[PDB]
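> Got a structure for you, protein-v3.txt, holding compact mmCIF, C-alpha atoms.
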```
# COMPACT_ATOMS: atom_id res chain seq x y z
CA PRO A 1 -21.29 15.67 16.35
CA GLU A 2 -21.74 13.71 13.12
CA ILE A 3 -19.12 11.03 12.45
CA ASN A 4 -18.60 8.98 9.27
CA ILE A 5 -17.98 5.37 10.27
CA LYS A 6 -18.05 4.38 6.59
CA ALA A 7 -14.79 6.23 5.93
CA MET A 8 -13.27 4.70 9.06
CA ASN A 9 -14.05 1.08 8.14
CA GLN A 10 -13.16 1.70 4.49
CA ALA A 11 -9.79 3.14 5.52
CA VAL A 12 -9.17 0.13 7.78
CA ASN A 13 -9.99 -2.25 4.93
CA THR A 14 -7.82 -0.35 2.44
CA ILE A 15 -4.93 -0.38 4.94
CA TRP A 16 -5.28 -4.15 5.22
CA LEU A 17 -5.47 -4.48 1.43
CA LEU A 18 -2.39 -2.37 0.74
CA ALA A 19 -0.45 -4.23 3.42
CA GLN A 20 -1.42 -7.43 1.62
CA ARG A 21 -0.45 -6.04 -1.82
CA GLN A 22 2.68 -4.06 -0.90
CA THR A 23 5.65 -5.01 -3.07
CA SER A 24 8.61 -3.16 -1.53
CA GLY A 25 11.42 -5.49 -0.48
CA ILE A 26 12.45 -3.66 2.70
CA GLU A 27 12.06 -6.12 5.57
CA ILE A 28 11.64 -3.38 8.20
CA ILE A 29 8.80 -1.72 6.28
CA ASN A 30 7.14 -5.10 5.67
CA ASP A 31 7.25 -5.94 9.38
CA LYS A 32 5.98 -2.51 10.42
CA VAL A 33 3.17 -2.66 7.84
CA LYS A 34 2.12 -6.12 9.00
CA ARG A 35 2.06 -4.87 12.60
CA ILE A 36 -0.05 -1.81 11.78
CA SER A 37 -2.51 -3.83 9.69
CA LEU A 38 -2.96 -6.28 12.57
CA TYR A 39 -3.48 -3.42 15.03
CA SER A 40 -6.07 -1.82 12.73
CA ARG A 41 -8.01 -5.06 12.25
CA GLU A 42 -7.94 -5.72 16.00
CA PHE A 43 -9.22 -2.18 16.52
CA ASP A 44 -12.06 -2.61 14.03
CA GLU A 45 -13.24 -5.81 15.72
CA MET A 46 -12.81 -4.32 19.21
CA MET A 47 -14.78 -1.20 18.24
CA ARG A 48 -17.64 -3.28 16.83
CA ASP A 49 -17.69 -5.29 20.07
CA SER A 50 -17.41 -2.20 22.29
CA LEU A 51 -20.42 -0.57 20.62
CA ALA A 52 -22.47 -3.76 20.89
CA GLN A 53 -21.43 -4.19 24.56
CA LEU A 54 -21.67 -0.65 25.98
CA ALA A 55 -25.37 0.11 25.42
CA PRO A 56 -26.63 -2.45 28.01
CA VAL A 57 -24.42 -1.02 30.77
CA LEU A 58 -25.91 2.46 30.36
CA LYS A 59 -29.37 0.96 29.77
CA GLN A 60 -29.27 -0.57 33.26
CA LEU A 61 -28.94 2.86 34.89
CA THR A 62 -32.21 4.29 33.55
CA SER A 63 -34.29 1.38 34.90
CA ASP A 64 -32.83 1.65 38.41
CA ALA A 65 -35.05 0.19 41.13
CA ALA A 66 -34.03 2.81 43.71
CA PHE A 67 -35.88 5.60 41.85
CA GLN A 68 -39.47 4.43 42.32
CA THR A 69 -38.45 3.38 45.83
CA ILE A 70 -37.19 6.92 46.55
CA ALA A 71 -40.53 8.23 45.30
CA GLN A 72 -42.40 5.85 47.63
CA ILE A 73 -40.19 6.96 50.54
CA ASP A 74 -41.09 10.59 49.85
CA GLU A 75 -44.76 9.60 49.65
CA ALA A 76 -44.49 8.00 53.09
CA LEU A 77 -42.70 11.10 54.39
CA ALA A 78 -45.72 13.12 53.20
CA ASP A 79 -47.84 11.62 56.00
CA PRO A 80 -48.10 13.98 59.02
CA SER A 81 -49.11 11.34 61.57
CA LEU A 82 -45.65 9.86 62.00
CA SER A 83 -43.07 9.55 64.76
CA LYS A 84 -39.82 11.49 64.46
CA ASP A 85 -38.09 8.12 64.88
CA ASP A 86 -39.87 6.65 61.85
CA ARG A 87 -39.46 9.97 60.02
CA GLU A 88 -35.69 9.92 60.52
CA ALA A 89 -35.60 6.22 59.58
CA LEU A 90 -37.28 6.93 56.24
CA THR A 91 -35.06 10.01 55.78
CA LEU A 92 -32.00 7.81 56.27
CA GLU A 93 -33.39 5.25 53.83
CA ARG A 94 -33.78 7.95 51.17
CA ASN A 95 -30.33 9.45 51.80
CA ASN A 96 -28.67 6.01 51.78
CA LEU A 97 -30.40 5.20 48.49
CA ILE A 98 -29.09 8.44 47.00
CA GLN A 99 -25.60 7.42 48.13
CA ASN A 100 -25.98 3.96 46.59
CA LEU A 101 -27.22 5.51 43.34
CA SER A 102 -24.16 7.77 43.19
CA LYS A 103 -21.84 4.86 44.03
CA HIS A 104 -23.48 2.74 41.32
CA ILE A 105 -23.15 5.56 38.77
CA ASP A 106 -19.45 5.78 39.61
CA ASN A 107 -19.07 2.01 39.21
CA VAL A 108 -20.76 2.29 35.81
CA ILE A 109 -18.40 5.12 34.86
CA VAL A 110 -15.42 2.98 35.85
CA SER A 111 -16.62 0.00 33.78
CA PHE A 112 -17.44 2.19 30.77
CA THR A 113 -14.09 3.97 31.04
CA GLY A 114 -12.24 0.65 31.13
CA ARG A 115 -14.02 -0.63 28.03
CA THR A 116 -13.28 2.63 26.21
CA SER A 117 -9.71 2.67 27.56
CA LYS A 118 -8.85 -0.64 25.92
CA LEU A 119 -9.89 0.87 22.57
CA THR A 120 -7.88 3.99 23.42
CA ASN A 121 -4.78 1.90 24.10
CA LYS A 122 -5.23 0.13 20.76
CA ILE A 123 -5.59 3.48 18.99
CA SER A 124 -2.37 4.53 20.73
CA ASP A 125 -0.65 1.34 19.57
CA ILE A 126 -1.68 2.33 16.05
CA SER A 127 -0.70 6.00 16.26
CA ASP A 128 2.67 5.42 17.93
CA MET A 129 3.68 3.09 15.09
CA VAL A 130 6.02 4.74 12.58
CA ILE A 131 6.40 2.95 9.25
CA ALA A 132 9.67 4.53 8.12
CA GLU A 133 11.72 7.72 8.38
CA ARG A 134 11.54 10.15 5.45
CA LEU A 135 9.79 7.82 2.98
CA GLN A 136 9.65 10.50 0.28
CA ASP A 137 13.45 10.30 0.12
CA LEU A 138 13.18 6.54 -0.46
CA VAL A 139 10.72 7.17 -3.30
CA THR A 140 13.11 9.77 -4.73
CA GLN A 141 16.01 7.31 -4.61
CA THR A 142 13.92 4.60 -6.29
CA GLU A 143 12.72 6.86 -9.12
CA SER A 144 16.27 8.14 -9.63
CA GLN A 145 17.47 4.54 -9.97
CA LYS A 146 14.69 3.84 -12.48
CA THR A 147 15.73 6.86 -14.54
CA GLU A 148 19.37 5.75 -14.43
CA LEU A 149 18.38 2.28 -15.65
CA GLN A 150 16.41 3.69 -18.60
CA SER A 151 19.30 6.02 -19.49
CA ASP A 152 21.67 3.04 -19.43
CA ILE A 153 19.25 1.02 -21.58
CA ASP A 154 18.84 3.47 -24.47
CA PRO A 155 22.46 3.10 -25.73
CA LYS A 156 21.92 -0.66 -25.74
CA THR A 157 19.06 -0.21 -28.21
CA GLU A 158 21.19 2.07 -30.37
CA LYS A 159 24.07 -0.44 -30.37
CA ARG A 160 21.63 -3.23 -31.21
CA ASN A 161 20.56 -1.20 -34.24
CA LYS A 162 24.17 -0.71 -35.36
CA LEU A 163 25.03 -4.41 -35.04
CA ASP A 164 21.77 -5.41 -36.75
CA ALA A 165 22.64 -3.10 -39.66
CA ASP A 166 26.07 -4.74 -39.85
CA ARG A 167 24.39 -8.15 -39.87
CA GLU A 168 22.12 -6.94 -42.67
CA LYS A 169 25.10 -5.90 -44.79
CA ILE A 170 26.94 -9.18 -44.13
CA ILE A 171 23.92 -11.35 -44.95
CA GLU A 172 23.28 -9.26 -48.07
CA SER A 173 26.80 -10.13 -49.22
CA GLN A 174 26.29 -13.82 -48.42
CA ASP A 175 22.93 -14.14 -50.19
CA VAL A 176 24.11 -12.21 -53.26
CA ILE A 177 27.26 -14.35 -53.46
CA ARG A 178 25.08 -17.44 -53.70
CA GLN A 179 22.71 -15.58 -56.07
CA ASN A 180 25.50 -15.27 -58.64
CA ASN A 181 27.29 -18.42 -57.35
CA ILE A 182 30.53 -16.43 -57.12
CA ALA A 183 31.84 -19.01 -54.65
CA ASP A 184 32.52 -21.42 -57.53
CA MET A 185 34.59 -18.97 -59.59
CA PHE A 186 36.88 -17.87 -56.72
CA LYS A 187 36.65 -20.82 -54.35
CA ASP A 188 39.95 -20.29 -52.51
CA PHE A 189 39.73 -16.62 -51.52
CA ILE A 190 37.41 -13.67 -51.94
CA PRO A 191 37.94 -12.04 -55.37
CA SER A 192 39.86 -8.79 -55.30
CA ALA A 193 38.53 -5.68 -57.01
CA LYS A 194 40.51 -6.23 -60.23
CA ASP A 195 39.60 -9.92 -60.44
CA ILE A 196 35.82 -9.34 -60.43
CA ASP A 197 36.08 -6.07 -62.38
CA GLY A 198 37.63 -7.85 -65.38
CA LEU A 199 34.69 -10.00 -66.43
CA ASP A 200 30.93 -10.16 -67.03
CA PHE A 201 27.60 -8.31 -67.05
CA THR A 202 27.20 -4.51 -66.91
CA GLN A 203 29.33 -1.87 -65.26
CA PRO A 204 26.34 -1.05 -63.00
CA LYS A 205 25.93 -4.77 -62.24
CA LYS A 206 29.69 -5.10 -61.70
CA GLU A 207 29.87 -1.99 -59.49
CA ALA A 208 26.82 -2.89 -57.40
CA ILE A 209 28.19 -6.40 -56.85
CA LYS A 210 31.64 -5.03 -55.97
CA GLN A 211 30.26 -2.51 -53.49
CA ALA A 212 28.08 -5.13 -51.79
CA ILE A 213 30.87 -7.71 -51.53
CA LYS A 214 33.45 -5.17 -50.37
CA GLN A 215 31.02 -3.76 -47.80
CA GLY A 216 30.41 -7.22 -46.38
CA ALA A 217 34.12 -8.05 -46.36
CA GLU A 218 35.09 -4.74 -44.74
CA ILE A 219 32.52 -5.19 -41.97
CA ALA A 220 33.60 -8.80 -41.43
CA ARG A 221 37.30 -7.93 -41.15
CA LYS A 222 36.55 -5.00 -38.85
CA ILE A 223 34.55 -7.28 -36.55
CA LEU A 224 37.24 -9.98 -36.56
CA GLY A 225 40.09 -7.44 -36.48
CA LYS A 226 42.06 -9.14 -39.26
CA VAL A 227 43.33 -7.14 -42.23
CA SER A 228 41.72 -7.07 -45.67
CA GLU A 229 44.42 -9.30 -47.19
CA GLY A 230 42.98 -12.39 -45.48
CA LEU A 231 40.27 -12.46 -48.18
CA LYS A 232 38.70 -15.72 -46.96
CA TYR A 233 34.98 -16.47 -47.27
CA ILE A 234 35.10 -18.49 -44.05
CA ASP A 235 36.20 -15.32 -42.25
CA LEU A 236 33.07 -13.60 -43.61
CA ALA A 237 30.68 -16.33 -42.44
CA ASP A 238 32.45 -16.63 -39.08
CA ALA A 239 32.22 -12.89 -38.44
CA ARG A 240 28.53 -12.95 -39.39
CA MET A 241 27.65 -15.62 -36.84
CA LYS A 242 29.94 -14.23 -34.14
CA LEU A 243 28.38 -10.77 -34.38
CA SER A 244 24.92 -12.35 -34.23
CA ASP A 245 25.90 -14.12 -31.01
CA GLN A 246 27.21 -10.82 -29.63
CA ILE A 247 23.76 -9.41 -30.41
CA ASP A 248 22.33 -12.26 -28.32
CA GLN A 249 24.73 -11.21 -25.54
CA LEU A 250 23.23 -7.72 -25.82
CA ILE A 251 19.77 -9.32 -25.61
CA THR A 252 20.82 -11.06 -22.39
CA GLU A 253 22.06 -7.76 -20.95
CA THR A 254 18.88 -5.96 -22.04
CA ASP A 255 16.69 -8.65 -20.47
CA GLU A 256 18.61 -8.34 -17.20
CA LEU A 257 18.19 -4.56 -17.25
CA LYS A 258 14.47 -4.93 -18.03
CA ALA A 259 14.07 -7.30 -15.08
CA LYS A 260 15.88 -4.85 -12.80
CA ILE A 261 13.57 -2.07 -14.04
CA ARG A 262 10.62 -4.35 -13.27
CA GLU A 263 11.85 -4.84 -9.71
CA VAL A 264 12.48 -1.11 -9.26
CA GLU A 265 9.05 -0.10 -10.60
CA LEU A 266 7.38 -2.79 -8.47
CA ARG A 267 9.20 -1.40 -5.42
CA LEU A 268 8.15 2.17 -6.20
CA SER A 269 4.55 0.95 -6.47
CA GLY A 270 4.95 -0.70 -3.07
CA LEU A 271 6.23 2.53 -1.52
CA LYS A 272 3.29 4.44 -3.00
CA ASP A 273 1.04 1.82 -1.42
CA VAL A 274 2.74 2.44 1.95
CA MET A 275 2.16 6.18 1.61
CA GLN A 276 -1.52 5.52 0.90
CA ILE A 277 -1.52 3.28 3.99
CA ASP A 278 -0.27 6.21 6.06
CA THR A 279 -2.98 8.45 4.58
CA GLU A 280 -5.74 5.94 5.34
CA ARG A 281 -4.30 5.64 8.86
CA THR A 282 -4.71 9.39 9.28
CA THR A 283 -8.29 9.13 8.02
CA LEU A 284 -9.07 6.34 10.50
CA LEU A 285 -7.39 8.06 13.44
CA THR A 286 -9.38 11.28 12.93
CA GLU A 287 -12.72 9.48 13.33
CA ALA A 288 -11.35 7.45 16.24
CA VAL A 289 -10.25 10.64 18.02
CA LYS A 290 -13.68 12.18 17.44
CA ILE A 291 -15.40 9.18 19.05
CA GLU A 292 -12.94 9.25 21.95
CA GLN A 293 -13.63 12.94 22.58
CA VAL A 294 -17.39 12.31 22.48
CA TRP A 295 -17.05 9.52 25.05
CA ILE A 296 -14.79 11.61 27.31
CA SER A 297 -17.25 14.51 27.31
CA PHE A 298 -20.03 12.03 28.11
CA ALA A 299 -18.06 10.56 31.01
CA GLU A 300 -17.33 14.04 32.38
CA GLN A 301 -20.98 15.10 32.22
CA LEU A 302 -22.03 11.82 33.85
CA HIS A 303 -19.50 12.44 36.62
CA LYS A 304 -21.01 15.90 37.07
CA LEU A 305 -24.48 14.39 37.42
CA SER A 306 -23.12 11.85 39.93
CA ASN A 307 -21.75 14.75 41.97
CA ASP A 308 -25.20 16.34 41.82
CA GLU A 309 -28.10 14.41 43.33
CA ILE A 310 -31.47 13.26 42.04
CA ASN A 311 -32.52 15.13 38.88
CA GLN A 312 -33.83 11.96 37.26
CA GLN A 313 -35.31 13.50 34.11
CA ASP A 314 -32.32 15.43 32.77
CA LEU A 315 -30.12 12.44 33.64
CA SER A 316 -32.44 10.19 31.65
CA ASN A 317 -32.29 12.62 28.73
CA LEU A 318 -28.48 12.49 28.86
CA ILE A 319 -28.21 8.69 29.02
CA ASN A 320 -30.88 8.16 26.36
CA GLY A 321 -29.13 10.64 24.07
CA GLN A 322 -25.90 8.70 24.48
CA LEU A 323 -27.71 5.40 23.85
CA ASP A 324 -29.33 6.81 20.71
CA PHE A 325 -25.87 7.93 19.58
CA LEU A 326 -24.43 4.45 20.14
CA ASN A 327 -27.38 2.94 18.27
CA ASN A 328 -26.72 5.39 15.42
CA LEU A 329 -23.13 4.17 15.17
CA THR A 330 -24.20 0.52 15.33
CA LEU A 331 -26.71 1.20 12.54
CA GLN A 332 -23.99 2.88 10.47
CA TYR A 333 -21.74 -0.16 10.97
CA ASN A 334 -24.54 -2.57 10.01
CA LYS A 335 -25.40 -0.63 6.85
CA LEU A 336 -22.03 -1.19 5.17
CA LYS A 337 -22.19 -4.98 5.60
```
As structure tokens - that is how I would like this structure written.


Amino acid sequence: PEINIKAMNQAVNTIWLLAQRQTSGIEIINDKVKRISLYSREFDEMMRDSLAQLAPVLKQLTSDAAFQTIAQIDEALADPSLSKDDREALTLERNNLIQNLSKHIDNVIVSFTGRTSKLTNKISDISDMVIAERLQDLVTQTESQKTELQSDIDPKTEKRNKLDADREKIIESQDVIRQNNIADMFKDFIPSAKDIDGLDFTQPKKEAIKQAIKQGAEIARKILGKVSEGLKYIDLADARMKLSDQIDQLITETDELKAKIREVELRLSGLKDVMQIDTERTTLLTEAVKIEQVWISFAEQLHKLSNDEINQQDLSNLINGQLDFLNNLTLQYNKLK
């Protein structure tokens, strides 16, 4: 049964990473993620240690003293010139040694099962953990909010364009007024249509100037709400600057909405990270379950051999196969480093 420890350790590490770099503000999810990352790191360390620790326990069984001794007992029992008292004594020695070997194998199975059981309990601590209920709905809510924020932003850009166009018209009027120094001719109030129309330059020049000045004045009065008859230059300049400040108000609003979009997108990223955490957890848990099943089958077969007696060679093949397997896993672990 081939197992990929590389994927297991890489999933553990990615889980830790994503927990470290998760940006979603939910306190519950943050706490749960921290807990699961700690459980996974504890499990990685405990697995490394369990592999390094288990091989000696099984190794002790193969080099059991009682086996060569049993052989020597049988050798002695091969002698015909022996008393039935001594024969039964040696027979009891052999049978007792078989009983001690079985007892020792059971003690080994208990120790091995305990070591594996601690890992199993940690795997259970990991699996039982639930990050959040129906996360996909949370992601849906977050993306819906992001869409709503963008849809509320777009009209702000359109309105900024309209006010900027109005500012352009107003400042055109101001700069052209100074260009022709009209302020000096009509210093008290803006010249009416007839007043400017009566004198100077060309009818195209006159008409262009009139349209520009009237456009500026109309926009200014509309912004300030006063009627056209006010005809004051100061009203024009005041409206210009006041509309510009309103544009700055729009900039403030837009910056706030952009910051909220930043938070929402950051959150969505965090949630995606949590989903990837769950996926990597699944990846890890699959390999862990495979190793657990391997070890349980091994323990069952070893219990079967304990129930049966002697049969040293097949037992050695079993234990050595398991040791080679453990060494394979340890080698796989060491390779990644």

> Which residue, A:48, A:152, A:27, A:123, has the smallest gap to residue 290 (chain A) when you use all atoms listed in the file?

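Closest candidate: A:123.
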
> Go ahead and compute the interatomic distance for CA of residue 299 (chain A) and CA of residue 109 (chain A), in Å to one decimal.

6.7 Å

> Contacts of residue 18 (chain A) at 10 Å or less, counting all atoms listed in the file, minus same-chain residues fewer than 4 places along, as a compact mmCIF listing (two decimals) with C-alpha atoms, keeping the file's coordinate frame?


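See part_12.txt below for the written result:
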```
# COMPACT_ATOMS: atom_id res chain seq x y z
CA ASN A 13 -9.99 -2.25 4.93
CA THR A 14 -7.82 -0.35 2.44
CA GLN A 22 2.68 -4.06 -0.90
CA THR A 23 5.65 -5.01 -3.07
CA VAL A 33 3.17 -2.66 7.84
CA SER A 37 -2.51 -3.83 9.69
CA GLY A 270 4.95 -0.70 -3.07
CA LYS A 272 3.29 4.44 -3.00
CA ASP A 273 1.04 1.82 -1.42
CA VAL A 274 2.74 2.44 1.95
CA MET A 275 2.16 6.18 1.61
CA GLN A 276 -1.52 5.52 0.90
CA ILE A 277 -1.52 3.28 3.99
```

> Between CA of residue 228 (chain A) and CA of residue 190 (chain A), what is the distance, to one decimal in Å?

10.1 Å

> Considering all atoms listed in the file, state which residue in the set A:21, A:103, A:178, A:84 is at the smallest distance from residue 213 (chain A).

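Ranked by minimum distance to residue 213 (chain A), first place goes to A:178.
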
> Restricting the calculation to only C-alpha atoms: of A:202, A:62, A:244, A:95, which residue gets closest to residue 166 (chain A)?

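Among the listed residues, A:244 lies closest to residue 166 (chain A).
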
> Which one is closest to residue 164 (chain A): A:147, A:230, A:117, A:250? Count only C-alpha atoms.

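Closest candidate: A:250.
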
> Using all atoms listed in the file, find the one residue out of A:154, A:280, A:245, A:106 that sits nearest to residue 167 (chain A).

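Answer, going by the shortest atom-to-atom distance: A:245.
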
> Quick one: distance from CA of residue 127 (chain A) to CA of residue 325 (chain A) in Å, one decimal?

25.5 Å

> Using only C-alpha atoms, which residue out of A:112, A:199, A:150, A:318 lies closest to residue 304 (chain A)?

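Of A:112, A:199, A:150, A:318, the one nearest residue 304 (chain A), counting only C-alpha atoms, is A:318.
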
> I want to know what sits within 12 Å of residue 57 (chain A), based on all atoms listed in the file, with residues of the same chain fewer than 5 positions away left out; could you give that as a CSV table (one decimal) with C-alpha atoms, in the frame of the given file?


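Here's the written file out_8.csv:
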```csv
chain,number,residue,atom,x,y,z
A,50,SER,CA,-17.4,-2.2,22.3
A,51,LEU,CA,-20.4,-0.6,20.6
A,52,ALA,CA,-22.5,-3.8,20.9
A,62,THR,CA,-32.2,4.3,33.6
A,63,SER,CA,-34.3,1.4,34.9
A,64,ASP,CA,-32.8,1.6,38.4
A,104,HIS,CA,-23.5,2.7,41.3
A,105,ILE,CA,-23.2,5.6,38.8
A,107,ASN,CA,-19.1,2.0,39.2
A,108,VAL,CA,-20.8,2.3,35.8
A,109,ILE,CA,-18.4,5.1,34.9
A,110,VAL,CA,-15.4,3.0,35.8
A,111,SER,CA,-16.6,0.0,33.8
A,112,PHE,CA,-17.4,2.2,30.8
A,113,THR,CA,-14.1,4.0,31.0
A,115,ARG,CA,-14.0,-0.6,28.0
A,319,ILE,CA,-28.2,8.7,29.0
A,322,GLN,CA,-25.9,8.7,24.5
A,323,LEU,CA,-27.7,5.4,23.8
A,326,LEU,CA,-24.4,4.4,20.1
```

> Please list as a ChimeraX atom specification every residue within 12 Å of residue 288 (chain A), counting all atoms listed in the file and excluding residues in the same chain fewer than 2 positions away.

/A:3-5,7-9,11-12,40,43-44,47,116,119-124,126-127,281-286,290-295

> List the spatial neighbours of residue 195 (chain A) as a list in words - criterion: any atom at most 12 Å away, all atoms listed in the file, same-chain residues fewer than 3 positions off excluded.

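Within the cut-off, the hits are residues 182, 185, 186, 189, 190, 191, 192, 198, 199, 200, 206 and 210 of chain A.
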
> Would you be able to write out as JSON, numbers by chain which residues have an atom within 10 Å of (16.9, -0.9, -11.7) in the file's coordinates, counting all atoms listed in the file?

{"A": [142, 143, 144, 145, 146, 147, 148, 149, 150, 152, 256, 257, 258, 259, 260, 261, 262, 263, 264, 265, 267]}

> Near residue 76 (chain A), counting only C-alpha atoms, which residues have an atom at most 12 Å away, once you skip same-chain residues fewer than 2 positions from it, shown as a list in words?

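The residues satisfying every condition are residues 69, 70, 71, 72, 73, 74, 78, 79, 80, 81, 82, 83, 86, 87, 88, 89, 90, 91, 93 and 94 of chain A.
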
> Can you report as JSON the centre and edge lengths in Å, to one decimal, of an axis-aligned box around the listed atoms of region 234-251 of chain A padded with 6 Å on each side?


```
{"center_x": 28.0, "center_y": -13.1, "center_z": -34.8, "size_x": 28.4, "size_y": 22.8, "size_z": 30.5}
```

> Please return as a list in words every residue within 10 Å of (36.7, -12.5, -37.2), taking into account only C-alpha atoms and the file's own coordinates.

residues 219, 220, 221, 222, 223, 224, 225, 226, 227, 234, 235, 236, 237, 238, 239, 240, 241, 242 and 243 of chain A

> Please write the residues from the selection above to a file, keeping C-alpha atoms, as a short mmCIF file (atom, residue, chain, number, x, y, z; two decimals), in the frame of the given file.


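Once written, result-v8.cif looks like this:
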```cif
data_model
loop_
_atom_site.label_atom_id
_atom_site.label_comp_id
_atom_site.auth_asym_id
_atom_site.auth_seq_id
_atom_site.Cartn_x
_atom_site.Cartn_y
_atom_site.Cartn_z
CA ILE A 219 32.52 -5.19 -41.97
CA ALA A 220 33.60 -8.80 -41.43
CA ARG A 221 37.30 -7.93 -41.15
CA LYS A 222 36.55 -5.00 -38.85
CA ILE A 223 34.55 -7.28 -36.55
CA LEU A 224 37.24 -9.98 -36.56
CA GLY A 225 40.09 -7.44 -36.48
CA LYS A 226 42.06 -9.14 -39.26
CA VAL A 227 43.33 -7.14 -42.23
CA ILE A 234 35.10 -18.49 -44.05
CA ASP A 235 36.20 -15.32 -42.25
CA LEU A 236 33.07 -13.60 -43.61
CA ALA A 237 30.68 -16.33 -42.44
CA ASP A 238 32.45 -16.63 -39.08
CA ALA A 239 32.22 -12.89 -38.44
CA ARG A 240 28.53 -12.95 -39.39
CA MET A 241 27.65 -15.62 -36.84
CA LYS A 242 29.94 -14.23 -34.14
CA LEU A 243 28.38 -10.77 -34.38
#
```
